[PDB]
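Below, in structure tokens: the form deposited in one PDB entry, a single chain.
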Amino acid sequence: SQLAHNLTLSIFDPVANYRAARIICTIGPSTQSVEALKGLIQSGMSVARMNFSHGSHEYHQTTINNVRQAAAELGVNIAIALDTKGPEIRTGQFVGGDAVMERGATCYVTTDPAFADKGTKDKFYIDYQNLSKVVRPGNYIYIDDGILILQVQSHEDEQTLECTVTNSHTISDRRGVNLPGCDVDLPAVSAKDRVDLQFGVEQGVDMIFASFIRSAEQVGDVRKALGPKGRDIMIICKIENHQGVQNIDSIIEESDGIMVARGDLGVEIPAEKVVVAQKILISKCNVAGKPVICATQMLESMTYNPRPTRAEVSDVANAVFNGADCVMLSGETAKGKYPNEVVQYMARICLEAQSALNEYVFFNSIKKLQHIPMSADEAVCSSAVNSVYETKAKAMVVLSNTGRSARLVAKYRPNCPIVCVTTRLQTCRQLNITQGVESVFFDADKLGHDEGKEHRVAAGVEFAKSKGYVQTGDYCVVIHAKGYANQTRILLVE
């Protein structure tokens, strides 16, 4: 058990010789240059996030080229992620750029576009045309990061709601609105999204962080928008509200992974429930064998302070203990004053937590949830991990061209590094969001097709050896493929 593992631990013992968790850094003006990106990579960045809420295609093109230049100069593979702006609900403009809302006061929110450019404290525009048919009397409208809270009293007409201002807040033009109780039916992907996504396809991005996913069918729209040429791009669904949490089973099934957006979830969901949601979503993904990212409000105070709060450190450690594959930095690296130091600290926290985490509890819990009879692929990968524990093997080598079996092996949480040997550089990059895995590129063009597998196996073994994971006389568990991996070897390291 984890409890039994805790008794045996000492904080003055040396830490693990590898970090399993993976760090996603969002790129901005602090970090867009190749020297800044090289600093990031060396600090621990595995994944570069592009926030398409800001900047233009040219700005992001520069991120892409610079990431690739930085990775090539350091001899590594860094994933590139496109985070979509997504559909939004915003207020319109206000007469005088401003509207002083006062507690107890009554106001009117309109679907009528005529008021888009002349709102006041008394009556203003909201750009979601289905607003009235989705909201009922009693429901709440949150405006400006949920700072202003309105309660709906009644429908004045088909397009207008009578609202009570429940607290004093002064709002400006084009502020973002949230609908806590309501099933927002905005399209999955907007127009900008659809052109961003084709840009991403054209620039060969590795994954999509798809904003505001509330439904399984919405995952299909991101898929269709990515088109036939985008079929190999991973779709990571951002879970940001109650709907997404409620439909999580069907969303996970359709997507390639999940981001837990704690800050966004917290706008309508009490903080203590988001903590629990994080547990649920992470575990569901762990059992599905799909990467899961813990995001927003991670080491936030370290954007301008050289040091985070203790509660922040603890937040990051427990993300790892929950079982997150990935931890993500936002403003801390995009606009922050200490981009290198925040990534380095995050690597240190993850590594410390990993040294305390009992991987076997994960292995055993997930193995118990398998129904007998298992299919071959599932039996092979769980057996391989089992053999790691039984022989105390010190590494795994998995031959996987698409990364699929590498993810299936990682799902079972061996207590040793996984080395994936693959013939696709895109697999190396995409595996950067799966914990416990390091990828080795084997160049089938430069080296042959290695149909017997021996060269790839030696490449993985050699990598493991050069990182000090295995030495002469150690065990290494090898798995390989015809479609999936059906073959296992327990190899004595020479």
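All residue numbers are counted from 1 along the displayed sequence.
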| property | result |
| --- | --- |
| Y484 unmodelled in at least a third of other compared entries | yes |
| Interval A481-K482, deposited residues with no coordinates in the entry (none, 1 to 3, 4 to 9, 10 or more) | 4 to 9 |
| Average Cα temperature factor in the PDB entry - higher stretch of 56-64, 444-452 | 444-452 |
| Between 322-330 and 184-192 (mean CA B-factor, as deposited), the higher | 184-192 |
| Out of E312, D144, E352, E341, residue topping the C-alpha B-factor column of the entry | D144 |
| Residue selected from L399, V95, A395, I248 by maximal Cα B factor | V95 |
| Among modelled residues of the same chain, the CA temperature factor third for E272 | lowest |
| CA B-factor ranking of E300, expressed as a third of its chain | middle |
| Assigned third (lowest, middle, highest) for the C-alpha B factor of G86 | highest |
| Third of the chain, ranked by Cα B-factor, where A485 sits | highest |
| Cα B factor band for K335 (lowest, middle or highest third within the chain) | middle |
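This next part talks about the form deposited in another entry, which is not shown.
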{"item": "Comparing forms between this form and the one not shown, the hinge position between rigid parts, one of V184, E58, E352, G220", "value": "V184"}
